[PDB]
Amino acid sequence: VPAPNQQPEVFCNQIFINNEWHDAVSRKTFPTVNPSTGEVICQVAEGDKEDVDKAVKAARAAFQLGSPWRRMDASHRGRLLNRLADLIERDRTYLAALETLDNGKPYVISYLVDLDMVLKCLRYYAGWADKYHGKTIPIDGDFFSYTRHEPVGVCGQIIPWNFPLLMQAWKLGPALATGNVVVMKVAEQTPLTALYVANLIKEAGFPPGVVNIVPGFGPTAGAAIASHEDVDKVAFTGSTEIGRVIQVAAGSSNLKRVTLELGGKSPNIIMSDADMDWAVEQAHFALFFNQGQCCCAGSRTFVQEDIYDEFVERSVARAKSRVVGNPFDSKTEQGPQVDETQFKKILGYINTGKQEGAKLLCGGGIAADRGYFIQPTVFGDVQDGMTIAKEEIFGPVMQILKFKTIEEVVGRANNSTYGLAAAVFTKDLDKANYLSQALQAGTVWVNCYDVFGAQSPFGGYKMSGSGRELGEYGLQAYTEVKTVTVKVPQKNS
Amino acid sequence: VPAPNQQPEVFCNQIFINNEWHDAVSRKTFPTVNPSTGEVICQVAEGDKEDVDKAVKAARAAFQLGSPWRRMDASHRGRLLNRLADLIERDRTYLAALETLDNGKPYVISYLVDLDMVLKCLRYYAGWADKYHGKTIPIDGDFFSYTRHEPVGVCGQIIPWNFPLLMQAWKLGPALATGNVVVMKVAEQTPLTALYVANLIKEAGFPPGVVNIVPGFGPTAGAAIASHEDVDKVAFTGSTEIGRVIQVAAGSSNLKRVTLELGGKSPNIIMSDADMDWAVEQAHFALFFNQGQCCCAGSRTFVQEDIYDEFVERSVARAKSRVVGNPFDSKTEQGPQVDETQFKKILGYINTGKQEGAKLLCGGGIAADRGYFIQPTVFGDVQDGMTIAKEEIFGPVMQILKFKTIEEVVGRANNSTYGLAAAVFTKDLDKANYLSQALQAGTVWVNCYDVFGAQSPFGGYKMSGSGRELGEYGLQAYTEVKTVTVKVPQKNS
Amino acid sequence: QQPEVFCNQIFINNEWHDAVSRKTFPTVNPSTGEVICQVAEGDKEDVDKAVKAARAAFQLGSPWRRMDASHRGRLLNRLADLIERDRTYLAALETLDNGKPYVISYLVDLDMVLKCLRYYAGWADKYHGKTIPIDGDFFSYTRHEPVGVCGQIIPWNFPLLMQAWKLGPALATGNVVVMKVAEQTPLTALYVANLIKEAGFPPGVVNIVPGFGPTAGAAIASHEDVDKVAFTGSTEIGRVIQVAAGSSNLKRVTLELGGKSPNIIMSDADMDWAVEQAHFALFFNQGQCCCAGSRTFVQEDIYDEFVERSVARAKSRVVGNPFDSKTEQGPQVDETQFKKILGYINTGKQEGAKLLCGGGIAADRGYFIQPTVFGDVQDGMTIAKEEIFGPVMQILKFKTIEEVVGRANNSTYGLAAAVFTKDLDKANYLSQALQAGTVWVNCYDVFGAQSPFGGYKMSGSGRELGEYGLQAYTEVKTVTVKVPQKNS
Amino acid sequence: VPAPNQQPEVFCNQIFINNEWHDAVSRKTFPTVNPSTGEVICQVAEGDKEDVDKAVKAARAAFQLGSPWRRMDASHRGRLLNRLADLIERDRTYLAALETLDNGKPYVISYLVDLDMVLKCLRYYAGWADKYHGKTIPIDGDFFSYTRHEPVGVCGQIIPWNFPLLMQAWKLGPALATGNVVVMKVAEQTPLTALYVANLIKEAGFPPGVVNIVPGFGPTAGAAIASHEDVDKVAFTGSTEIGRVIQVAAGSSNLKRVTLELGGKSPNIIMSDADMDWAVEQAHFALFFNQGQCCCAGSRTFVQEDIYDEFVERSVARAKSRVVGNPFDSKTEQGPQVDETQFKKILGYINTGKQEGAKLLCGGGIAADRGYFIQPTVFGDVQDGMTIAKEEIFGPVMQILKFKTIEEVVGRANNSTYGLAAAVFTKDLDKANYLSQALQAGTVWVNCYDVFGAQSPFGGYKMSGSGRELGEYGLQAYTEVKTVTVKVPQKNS
Ligand SMILES: NC(=O)c1ccc[n+]([C@@H]2O[C@H](COP(=O)([O-])OP(=O)(O)OC[C@H]3O[C@@H](n4cnc5c(N)ncnc54)[C@H](O)[C@@H]3O)[C@@H](O)[C@H]2O)c1
Ligand SMILES: [Mg+2]
Ligand SMILES: [Mg+2]
Ligand SMILES: [Mg+2]
Ligand SMILES: [Mg+2]
Ligand code: NA
Ligand code: NA
Ligand code: NA
Ligand code: NA
């Protein structure tokens with residue numbers, strides 16, 4: 001890992017439309033903060049309704065029939081994506097540092113993980129651009145029938161702050177590969193890295209209007225996008241609460257298509273024949289990864305009674321050893337939480353666990369005088385009815401539960417309104433096959449956790465969302481299907 | 001066509017749950033009418049919220065892990081669909097007669113067209129039951145990744161009155177093929193035929209709770225389904241207006257998945273090099289088919305100016321000769337409209353057509369002293385700004401417009417919030433291709449119209465809906481994708 | 001009562017013909033050695049007639065070419081219904097001609113035939129071509145047209161089933177067929193020809209020529225107007241087919257040949273389950289199965305235990321009259337196979353393999369052979385390298401997982417393999433390392449109409465069953481058209 | 001287009017095994033000639049049987065389970081292909097010059113056409129590396145069943161001289177994308193450019209033994225590959241005659257898998273309603289492209305009788321204006337034929353045509369006193385029975401035939417043992433659709449010719465070959481299918 005610039009200069013902080021930088025129409029700005037210190041990094045243009053309208057107009061004009069973007073060879077769309085990746089890899093060190101500065105996550109993780117996954121995602125979809133075929137169809141009668149897979153059109157894309165650059169790539173990848181145009185609303189907490197990528201989108205050679213980015217708040221710029229009469233489709237990643245607002249706004253306006261990637265309360269199931277060392281460490285990673293700020297965090301650690309006590313012991317020891325501090329320090333495993341609001345929600349959730357009957361085993365408090373650092377926390381003997389067991393905490397707070405049978409654990413794991421992910425640790429073929437089938441979750445990991453691949457779809461069952469990102473499946477929401485049926489003189493096989 | 005019983009007995013008129021017939025909890029009933037005579041056929045149980053709750057309860061139970069329906073071989077689901085089709089074919093005469101009694105469409109059409117399409121749809125999806133594969137995926141690292149295409153679960157299906165049996169089949173086909181369970185709410189105007197099919201579903205061998213049917217009204221039974229906390233997915237076919245309500249109810253409850261098949265104002269474009277005779281007869285069929293009550297009716301007939309006058313004259317002559325009358329008469333081409341409400345609505349739009357300066361060329365009034373018959377009506381010299389050019393009439397009212405260039409006609413045809421279908425009539429290869437590409441419609445017919453194939457998807461762009469039915473694409477909405485990612489000792493290609 | 005034979009001639013254009021030469025060959029009941037009846041002996045001239053009728057039926061604009069794809073599917077389903085109608089009869093006739101136990105014919109073979117035909121009935125109108133976003137102002141798409149006149153040559157071990165595996169995909173995709181059934185078991189396929197006619201398939205779409213290999217079979221392989229050949233049988237003949245294809249008109253070729261499939265029992269396997277499945281893996285259908293687990297690799301820590309149970313089970317296996325419900329194992333198909341198996345057993349004894357049970361003739365009438373088990377078999381022994389195709393089990397000892405992989409893969413065959421273990425990692429590693437077209441885990445001989453089957457290496461090329469089964473029966477055509485202005 | 005060095009230096013002229021350069025075991029070398037001057041460029045190592053054995057052993061070693069190439073992420077195979085493309089583009093000017101020196105084709109063509117098509121092919125298949133999924137299958141019973149798409153193994157690839165670089169790419173692209181290893185035998189007439197690419201393959205980062213290249217002759221090196229006991233698959237492009245020898249060798253040896261791309265006599269059909277200017281120029285291109293040395297050349301130009309006389313006059317005019325000379329000169333449209341053998345073969349067919357009674361309208365003789373240049377030649381009033389109408393000439397020799405009806409031209413066009421390609425020129429939709437359906441050809445062009453796309457498959461019907469190259473279809477022949485069926489405790493949908 002290369003030595004970072006621990007004070008990266010910010011170059012982009014305005015609204016991005018038609019490959020040009022603009023102030024908000026209202027000329028207002030908003031600050032973004034370094035969560036490791038609480039100090040303002042810079043000001044950023046605050047986009048609102050009128051700024052979104054301009055963006056949507058630029059997108060619509062870029063998507064017009066006969067335009068450079070509509071006529072561009074599909075294979076060339078692929079090259080542009082590949083070019084965008086090369087530019088990002090060129091500025092990898094800068095982008096990882098800036099990612100850390102604005103989000104809080106350890107620089108080493110931003111560099112080796114986040115940036116790596118951004119590149120793999122973009123390079124994967126570069127390859128899909130000219131391979132997502134429609135069909136020729138042997139319909140009855142003297143007819144020739146076939147389908148075109150056309151772009152859905154103007155796509156509103158609203159993303160969260162936990163993985164700023166990665167969330168942007170999961171959005172742009174499929175959308176651009178299939179020839180759509182984009183109006184993207186980045187999180188107010190973490191707008192900087194995505195704005196710089198906007199500049200690279202320009203340098204890459206994407207026609208103006210194809211990607212537009214409006215920094216700003218949710219109920220303003222986000223809402224204006226979800227209710228816009230000329231936005232054909234919206235993709236939203238964030239809280240379940242706002243996911244319902246997006247869905248309602250879509251139906252209330254123009255019936256735009258919607259996919260949603262929401263929260264979760266994912267069960268990590270450790271069977272009694274599991275490799276203890278592997279399972280303990282992976283359970284740790286499953287919860288504490290990215291300051292616990294991960295949609296699919298293994299926040300319900302079910303442990304078979306035969307190994308419960310030993311597992312808790314080692315999980316506490318590992319937790320107590322987790323290094324918390326400055327994200328630019330190569331030794332830090334956990335940076336601060338994203339902002340003050342998160343910081344306090346988490347602390348609140350810890351208090352409920354204490355009063356509700358959970359056994360605090362370690363941590364449970366503030367870890368530093370400055371920034372938003374929280375001590376790695378582990379709760380023992382958690383019950384399904386407890387608050388910390390049912391609600392997404394989005395912090396370094398671990399829930400260790402206890403079970404006896406496979407049939408018990410399936411029922412308790414599935415007794416949730418969430419269904420984003422699940423995992424099973426066991427050496428037994430039958431138990432593995434049975435659990436992964438029985439569990440209601442979009443992703444079931446076996447003997448591992450948080451294994452993401454650009455090739456494999458990701459998304460939620462139930463209230464954890466609808467639709468899927470990554471893989472071939474991620475192309476589906478960005479495709480409008482047209483059937484063409486033609487009368488022919490004489491149909492032959 | 002075999003001689004029908006013009007007074008078919010009614011055997012099924014209650015609520016269908018767990019393969020059993022029940023009265024409404026409230027014991028309330030509602031009348032369904034013969035549109036040809038305006039007389040009441042029989043009373044039908046009026047299902048409401050509580051009856052929906054029982055249906056969902058039964059559907060959830062049937063969908064439980066380890067149930068007969070979840071463990072049944074995919075191939076055997078196919079056989080069951082095939083058995084249902086065979087039973088329907090056995091009772092074809094009866095069902096076609098009952099369809100005509102309750103809906104109004106010509107008995108000859110019910111038999112040779114509707115029933116035929118019901119059989120073709122069910123047999124088509126019987127073949128998909130064991131063929132909609134998931135994927136094995138070459139993900140990075142030492143992992144084996146694959147997807148399961150599981151059923152989405154409890155599916156609410158809400159259908160209209162214009163093709164009662166066919167609409168039922170378009171819904172059951174893909175849903176049962178992929179192992180889902182159904183709570184279906186049929187149109188209050190035409191509940192009878194679908195209820196008798198429920199008897200065939202039972203006779204066929206489908207497990208109890210797999211298909212449940214609740215006859216009743218929209219804002220009561222329909223809204224209860226759309227807002228139900230334990231319904232996983234809703235498929236709605238009907239008006240654009242109610243489509244908004246469905247989408248809102250989804251987001252306002254449990255984020256159930258939504259697909260919508262709505263209305264349209266489909267352009268039918270006649271180029272100056274078209275076969276006049278063929279184009280006139282097809283334009284007639286495109287509008288007047290099924291009493292004009294077709295989502296994708298060609299209700300904007302664009303004709304190139306060099307052939308406009310001749311086209312109009314011939315179109316008028318054909319409309320004047322269209323036989324309107326008793327649906328059981330083998331000579332009738334057009335029965336009555338479905339009910340009083342639709343009847344008045346069409347007459348209302350004809351008034352608006354006169355008031356706004358559209359040239360009334362034939363018909364324009366009531367066509368009988370009993371029932372809901374309307375004279376085939378043709379408006380000429382129609383302009384884009386007119387109401388009859390913009391709104392879905394859903395009656396035997398034809399609009400003929402004039403255009404000059406290809407450029408012009410593409411823009412005018414696309415200048416609409418609808419986009420369900422469109423057609424192009426020409427002998428020119430390039431014109432056919434440019435148009436089929438330029439048109440924003442889910443189906444584009446060339447030198448033909450209303451050609452539906454079980455193999456070819458159908459659905460709308462824009463506010464004509466979202467998602468597709470028929471073909472392989474019809475399976476997508478009824479599938480929930482699960483990624484399983486397993487750690488392996490050593491990954492090899 | 002034995003089933004009466006109704007069909008014993010050459011089937012062309014939905015009509016029954018004698019051979020041009022008027023020659024006939026007898027077919028025999030292997031349980032008694034007695035002649036069942038005479039059968040028309042097709043040769044080159046009869047093949048030429050069948051091919052001509054096939055070509056005519058495939059002509060552009062013909063009823064079969066113009067027929068809706070969905071309707072081809074209905075025809076397949078109707079053919080299935082008729083077979084099920086006559087299920088009892090076909091099962092019995094299958095037993096009479098082949099030798100396999102009647103109960104197995106009825107519950108297994110006939111069941112698998114119905115599932116195959118009904119599965120492919122559903123594919124008829126679902127095998128889409130593609131529309132393709134090519135560079136430039138062009139629109140590009142592909143058609144999946146039928147390959148054309150398809151010669152199909154099949155073996156005697158599962159006569160109805162092999163027929164179905166061939167007809168299913170060929171007919172679903174609109175091809176026409178000239179089929180050459182095995183001389184040892186021609187009867188049941190000929191009765192199905194009558195059903196094909198009853199179901200309503202147009203004349204010339206399916207033609208069946210009974211006869212011998214070097215005559216009727218070679219005439220099909222070398223024919224100048226046959227577009228595609230599909231052969232199931234011995235590796236030796238598979239080579240002949242291939243050469244004939246190249247030497248003639250370059251017709252497309254797929255092959256399903258023999259094997260020497262390893263069945264691998266790890267030390268943590270379910271012992272009872274493993275023993276029963278290993279027994280079935282080898283002895284099923286008188287051992288006359290291409291994918292028979294004829295190399296049973298057993299981990300050393302459970303070797304003796306496995307062997308003892310395996311020998312006990314083999315000694316309880318009932319051999320005799322296939323129409324007797326007690327019978328688990330009927331006779332071998334004919335005298336040549338009978339003698340050949342006895343020969344292999346002798347090499348086993350001579351080469352130092354340990355005869356644990358059987359080894360001899362099991363009846364003084366018919367071609368019955370005792371269930372036989374060899375222990376301590378070495379990789380270099382004849383019975384370990386060559387296909388026996390009889391009720392002769394080889395049990396080999398191994399120690400490590402890396403060892404069994406190397407030894408299992410050290411073969412010119414690669415049709416099938418199996419692994420018995422409770423361990424997730426061992427199962428996944430082995431199923432990946434093994435060079436076999438089908439890898440069973442904790443089961444054996446599990447065939448699905450939905451899942452492809454075929455060999456690596458010299459066990460064949462191409463796959464049958466599943467979607468993959470349609471590939472070899474499809475010819476791809478690209479149509480690329482200039483358009484005024486390409487848009488996404 | 002950069003001015004080339006007309007005398008480019010040769011850096012590679014040995015055998016390429018395990019990323020190393022080797023002299024032949026025999027130390028034998030063969031000279032390769034500049035077809036434009038008849039002069040020796042340089043000597044090249046002559047591979048034979050023992051050199052093939054070494055290459056195959058190296059390929060087998062590289063393909064061994066657990067090797068770097070087998071364990072390499074599919075995504076990384078994709079990255080390597082892209083790197084190879086970049087290096088080829090980096091050295092584009094040099095490769096274009098060397099191609100022309102060894103083959104004879106115009107440098108402008110080598111640069112703008114061949115090199116461009118190479119880059120597109122490799123970059124296309126780069127995207128496939130991690131997207132060619134196997135399936136998860138809903139088999140009957142309590143089982144989980146799926147397929148793996150594994151590589152076929154050691155692939156012998158034998159290529160011709162007409163498109164040396166392009167043919168290499170069409171082979172390496174799909175083979176490498178799917179993780180196979182290659183032993184490639186390049187044409188003895190044009191070994192130079194493929195050997196340089198080997199150097200780039202090494203520079204790109206492909207593991208040693210993954211691609212091995214053996215220059216040498218057909219019946220020696222080529223046959224050694226076709227008959228090798230340890231080669232799993234062979235793909236051959238060349239003459240139908242040798243195609244039969246390859247197929248026989250496969251069956252006589254180890255039953256390796258075989259795909260063939262052979263010659264043809266493709267019909268170019270000009271309807272009376274075609275655009276004359278466009279049809280004439282495209283018909284010219286279709287035949288004369290690449291000195292006529294193109295497998296799918298339109299060497300049977302059927303022209304409807306009403307436009308025959310005019311079409312012929314303009315074709316002859318265009319033929320007489322075609323510039324023949326030095327390939328490096330920018331005005332040159334036609335270079336020399338590849339070698340002396342092809343030179344005499346073409347003079348033979350020209351003489352055959354004259355003695356057969358075909359009307360010689362222009363050319364028909366030698367065009368220069370040095371090199372192998374042949375005058376553009378046009379024969380008129382060609383009949384189906386003529387030899388020049390049936391056999392592949394592979395030279396600048398055009399045949400023009402007359403026809404009357406569409407039904408007639410179909411029969412005459414299909415009456416051939418070849419079926420590689422065909423074209424139709426017309427403005428009529430119906431004629432285009434009927435013909436494209438009726439013609440027995442692997443590729444049918446409509447109002448265009450020689451339009452190749454990396455996305456669209458190419459291959460012959462009948463004796464023009466078997467299997468397809470390019471597109472997704474090109475991956476099939478390089479994939480071995482494995483079904484894995486696992487017993488599970490309880491199967492659910
Ligand atoms: N792969 C299998 O499922 C299978 C089936 C039967 C036999 N076998 C093996 O083959 C051995 C002998 O059996 P067999 O002789 O019946 O098999 P075979 O390969 O000789 O016969 C298979 C089919 O091909 C035909 N045939 C034979 N010679 C031919 C030729 N020269 N040209 C064209 N077609 C020809 C036969 O008539 C028969 O219908 C057995 O010991 C067994 O090991 C394998
Ligand atoms: Mg919020
Ligand atoms: Mg209403
Ligand atoms: Mg033989
Ligand atoms: Mg030669
Ligand atoms: Na921030
Ligand atoms: Na009614
Ligand atoms: Na027999
Ligand atoms: Na040369």
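Quick note on labels: first sequence line is chain A, next is B, and so on, each numbered from 1. Reckoned from all heavy atoms, side chains included, excluding hydrogens, waters and symmetry mates.
- Judged by the 6.0 Å distance and 45° axis criteria, C:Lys126 is positioned over the aromatic ring of B:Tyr124.
- Each of B:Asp114, B:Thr332, B:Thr100 was evaluated against B:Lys105; a single residue qualifies, B:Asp114, per the side-chain hydrogen bond (donor to acceptor under 3.5 Å, both in side chains) test.
- Of the N and O atoms on the side chains of A:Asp140 and C:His71, not one donor lies less than 3.5 Å from an acceptor on the other residue.
- Here the CD atom belonging to B:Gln6 is positioned 10.5 Å from the CG atom belonging to B:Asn34, to the nearest 0.5 angstrom.
- Under the 4.0 Å criterion applied to side-chain N and carboxylate O atoms, B:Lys344 and B:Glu340 are assigned as salt-bridge partners.
- Side-chain polar atoms of B:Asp102 and B:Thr32 form a donor-acceptor pair below 3.5 angstrom.
- Under the 30°/60° scheme for interplanar angles, the aromatic rings of B:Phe11 and B:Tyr196 are found to be tilted.
- The shortest distance between side-chain heavy atoms of B:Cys296 and B:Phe458 falls below 4.5 Å.
- Checking B:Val186, B:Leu101, B:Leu166, B:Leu95 one by one against B:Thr193, the side chain to side chain contact (heavy atoms under 4.5 Å, CB included) holds for a single residue, B:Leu95.
- Other residues, nucleotides and ligands contribute more than 12 heavy atoms inside 6.0 Å of the NZ atom of B:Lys49.
- A donor atom on one side chain and an acceptor atom on the other are not found under 3.5 Å apart for B:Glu99 and B:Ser110.
- Evaluation of the ring-ring contact (aromatic ring centres under 6.0 Å, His included) rule for B:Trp445 yields B:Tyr449, B:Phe452 as partners, not counting sequence neighbours.
- Partners of B:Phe379 by ring-ring contact (aromatic ring centres under 6.0 Å, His included), not counting sequence neighbours: none found.
- Proximity of A:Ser145 to A:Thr483: side-chain heavy atoms (C-beta onward) are separated by under 4.5 Å at one or more points.
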Check your understanding: Could you go step by step and tell me if A:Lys487 and B:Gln282 meet the side chain to side chain contact (heavy atoms under 4.5 Å, CB included) rule?
Key -> CA-CA 12 Å; A:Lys487 180 177 67 73; B:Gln282 290 297 295; over 6 Å; no
Point to revise | Worked verdict on B:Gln399 versus B:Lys265 for side chain to side chain contact (heavy atoms under 4.5 Å, CB included) | key: CA-CA 10 Å; B:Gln399 288 63 246; B:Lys265 193 73 186 174; 3.5 Å; yes
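- Here B:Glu20 does not pair with B:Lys54 in a salt bridge; the nearest charged N to carboxylate O distance is not below 4.0 Å.
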Practice item. I would like to know whether B:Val113 and B:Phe289 meet side chain to side chain contact (heavy atoms under 4.5 Å, CB included); could you show each step before the answer? Key: CA-CA 11 Å; B:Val113 177; B:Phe289 177 59; 4.2 Å; yes
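- Within the structure, salt bridge (charged side-chain N to carboxylate O under 4.0 Å, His left out) contacts touching residues 201-219 of chain B (residues at least two apart or in different chains) are B:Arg90-B:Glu203.
- For residues 72-85 of chain B, the set of pairs meeting the salt bridge (charged side-chain N to carboxylate O under 4.0 Å, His left out) definition, not counting sequence neighbours, comprises B:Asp73-D:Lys491.
- With sequence neighbours excluded, the residues forming a ring-ring contact (aromatic ring centres under 6.0 Å, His included) with B:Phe16 are B:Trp21, listed by chain and number.
- Residues that satisfy the ring-ring contact (aromatic ring centres under 6.0 Å, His included) test with A:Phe143, not counting sequence neighbours, are absent from this structure.
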